[PDB]
Amino acid sequence: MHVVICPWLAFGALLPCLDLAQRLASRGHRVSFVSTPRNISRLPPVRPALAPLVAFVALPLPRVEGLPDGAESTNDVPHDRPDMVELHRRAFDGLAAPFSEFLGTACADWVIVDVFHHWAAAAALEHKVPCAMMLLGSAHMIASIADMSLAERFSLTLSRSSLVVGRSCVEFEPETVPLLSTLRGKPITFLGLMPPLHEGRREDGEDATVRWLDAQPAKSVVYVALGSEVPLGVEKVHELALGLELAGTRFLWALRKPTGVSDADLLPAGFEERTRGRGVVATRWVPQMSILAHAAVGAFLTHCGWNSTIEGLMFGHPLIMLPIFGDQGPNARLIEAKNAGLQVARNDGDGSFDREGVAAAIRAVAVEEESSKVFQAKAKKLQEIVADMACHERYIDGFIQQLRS
Ligand SMILES: O=c1ccn([C@@H]2O[C@H](COP(=O)(O)OP(=O)(O)O)[C@@H](O)[C@H]2O)c(=O)[nH]1
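Numbered according to the deposited numbering, the sequence shown spans residues 15 to 161, 202 to 459.
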């Protein structure tokens, strides 16, 4: 089949969609991977032996005054600037005509699109190509949904879609997946957990962060990362910083800077000085796969993005969960329900947190002998499912057979 994949302008979407693209190409299916030029330049290089079977289609974002040149992703357009977020959404909506023009001449058997791509689902109807809507989250997340705005956009894409795609399996969610066959009438297929193929991401294993981990003792480092886009204000960064200090663990912290915050104001006064030997803060893109693979990393303080949840658990790491928005909350609950993680206490009404809640979560998961060994033993039990690569390939084989019918 010639499958056209158009992921949402977010590395949380672009990365797993490129893994999918390559898993399809490995079965000898042609993929057209449709996105913007800079997002594509920033992706892992394709496996050379699959290079002709993953065609990249670079649709330039229309230049919307106010959205600066290169601001093509959620990683580039900050959430703490709502104005720019909307300019990014409008520019993304400007890809409609060029996407329609492309799909016309594509000879496409399927179009797989994200929930934001109402205009791509429209082009699929225009050119009589069956359109699968990606909801590459937990079965629990989809159950939670089932129970122009983004909701209008979701409703509109879903109505024009023949199929809904989830990223889980009965092995990981026996309670949800069996009874979850449709979403507002549209049939749901789960393509497995699709854990990343480590080689696949083509990260730098000589990165300073990984060399730093080599020096640390086994299962001793709390990796801290909130994925690629979720906002965290300077005040909240400070609470997370002081929380990491108070718990007293070795930490590696992949931190994105809030907008308009100097390197001087970003962290608490003397924070790096006081933690020099024990902790490392990186305000750049880190090789997350290499870090989580490392024997020095014990627990993972995550925002519970589904990619990060799956990456964390495939290397048997118990989770310290700080969900910010969207799928994160339900993803946190599901892991908490499986006793392989603990949520940071949150003030009800505002969803805020403090250094004390942060510290108590880290202690319970990573420090206190009895609680930590429970969380580790349970993360390891989940690892048996999440890292069963053969299982998740059989689910990709299953998903292809679904597309043929
Ligand atoms: O410094 C970083 C930040 C993010 N990621 C990757 O970006 C993806 C983020 O996806 P997730 O759903 O976990 O969070 P999102 O960015 O979608 O909120 C994951 O695959 C991470 O491994 C990374 O490799 N290094």
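Cβ coordinates follow ideal geometry from the N, Cα and C atoms, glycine included.
Could you check whether the Cβ of residue i sits closer than 7 Å to any heavy atom belonging to ligand 1?
{"i": "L29", "result": "yes"}
{"i": "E422", "result": "no"}
{"i": "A24", "result": "yes"}
{"i": "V340", "result": "yes"}
{"i": "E283", "result": "yes"}
{"i": "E115", "result": "no"}
{"i": "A262", "result": "no"}
{"i": "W266", "result": "no"}
{"i": "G259", "result": "no"}
{"i": "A146", "result": "no"}
Measuring straight from C-alpha to C-alpha, what distance separates residue i and residue j?
{"i": "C31", "j": "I19", "result": "7 Å"}
{"i": "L457", "j": "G370", "result": "32 Å"}
{"i": "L23", "j": "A418", "result": "36 Å"}
{"i": "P377", "j": "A301", "result": "20 Å"}
{"i": "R104", "j": "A323", "result": "40 Å"}
{"i": "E327", "j": "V334", "result": "11 Å"}
{"i": "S216", "j": "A85", "result": "32 Å"}
{"i": "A308", "j": "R338", "result": "7 Å"}
{"i": "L247", "j": "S222", "result": "5 Å"}
{"i": "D90", "j": "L321", "result": "21 Å"}
In chain order, what residues of the same chain lie with their CB nearer than 7 Å to the CB of residue i, ignoring the 5 residues before and after it?
{"i": "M343", "result": "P250, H252, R255, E257 and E365"}
{"i": "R61", "result": "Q36"}
{"i": "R409", "result": "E293, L296, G297 and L300"}
{"i": "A347", "result": "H252 and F369"}
{"i": "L234", "result": "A153, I156, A157 and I242"}
{"i": "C145", "result": "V125, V127, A135, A138, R214, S215 and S216"}
{"i": "residue 162", "result": "Residue 162 falls within a stretch that is absent from the model, since the chain runs 161 to 202 with no residues between."}
Secondary structure at residue i, three-state DSSP: helix, strand or coil?
{"i": "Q382", "result": "helix"}
{"i": "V398", "result": "coil"}
{"i": "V284", "result": "coil"}
{"i": "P58", "result": "coil"}
{"i": "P96", "result": "helix"}
{"i": "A269", "result": "coil"}
{"i": "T263", "result": "helix"}
{"i": "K392", "result": "coil"}
{"i": "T236", "result": "strand"}
{"i": "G403", "result": "coil"}
{"i": "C121", "result": "coil"}
{"i": "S215", "result": "coil"}
{"i": "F244", "result": "strand"}
{"i": "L29", "result": "helix"}
{"i": "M147", "result": "strand"}
{"i": "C445", "result": "helix"}
Apart from the five residues just before and just after residue i, which ones in its own chain have a Cβ nearer than 6 Å to its Cβ?
{"i": "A441", "result": "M368"}
{"i": "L388", "result": "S152 and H154"}
{"i": "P58", "result": "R255 and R256"}
{"i": "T363", "result": "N385"}
{"i": "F130", "result": "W22 and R207"}
{"i": "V315", "result": "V288"}
Apart from the five residues just before and just after residue i, which ones in its own chain have a Cβ nearer than 8 Å to its Cβ?
{"i": "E390", "result": "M375, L396 and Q397"}
Taking the runs of the alpha helix (DSSP H) that are 4 residues or longer, which of them lie wholly in the stretch 288-366?
Correct list: 288-301, 317-320, 325-329 and 342-347.
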